[PDB]
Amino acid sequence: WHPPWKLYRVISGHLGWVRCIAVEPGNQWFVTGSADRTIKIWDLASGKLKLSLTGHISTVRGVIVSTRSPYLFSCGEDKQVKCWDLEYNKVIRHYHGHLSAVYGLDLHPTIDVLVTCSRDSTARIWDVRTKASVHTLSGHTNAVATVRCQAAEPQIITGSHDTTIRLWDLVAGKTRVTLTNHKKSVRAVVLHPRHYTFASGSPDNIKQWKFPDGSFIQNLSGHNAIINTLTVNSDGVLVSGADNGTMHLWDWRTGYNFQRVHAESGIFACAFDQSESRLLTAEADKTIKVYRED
């Protein structure tokens, strides 16, 4: 059993769609990126604005906080990929290589690399401190909407507008497996924290798969909308956020949809805090909504 989630706090300040959200490893603050071209750092406990980081010239599509270093990484529709030093509160590195808009990113848990995914149909692997390109993961035939890393092989998983999922060999920089089941564009991928399974979302279905080869488990059906985000906690609460503002909460193992949250409406990104007691959403109505168990 998972207790229901209820709206606790609504955080405003952005002047356009909030496209991305991430929580720092120490759980003290969270970061958001927006269509207004800004990155904002908010205090988690209070919901107050700490800092506003400027530099992007188009929508900020991805934000992530480093565990290894006091860094924050961001990416945008302006093709820019930046490393922000959180001790100096300024950009220290630019990762050049994407041919068009950068849609998302992830950090590798064991290798000091940043992985970005783009409208250019690639995912790119960058050495954090030297900015050097490690590999350009080419194989998708359309925009790569989502990318996730893990320590175990396959180390990189991508979801694409080509309606496929690719499982990559990080060392060789090659596709190990291509999963074609989704009938429509894949915009979200989530890895279960126990490392045995993962899920992907498209309007036709949310699909659950087994590592390492991507054996299909089951469909999580009922969220008949454009799925923008998928996030899961250690307790097994899977959250699917849709472009029409709807949010479905599921039990990971059973695939059962336990809660349906009602809603320019839309949910672009979801994240749990480090304690997993708070669910933070980034929405089209220019706000961040905070949910807690009740």
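Position 1 is the first residue in the sequence shown; the rest follow in order.
According to the entry, the deposited sequence has 4 to 9 residues without coordinates between residue 263 and residue 264. Comparing the deposited coordinates for 237-245 and 57-65, the stretch with the larger average C-alpha B-factor is 237-245. As the entry records it, the average C-alpha temperature factor is higher for 83-91, out of 83-91 and 146-154.
Among the modelled residues of its chain, residue 201 has a C-alpha B-factor that falls in the lowest third according to the deposited record. Annotation for residue 99: C-alpha temperature factor in the middle third relative to the rest of the modelled chain, per the entry. Per the PDB record, residue ranking by Cα B-factor puts residue 29 in the highest third of the chain.
Split the chain's modelled residues into thirds by C-alpha temperature factor. Residue 250 is in the middle one. Residue 231: CA B factor in the lowest third of modelled residues in this chain (values from the PDB entry).
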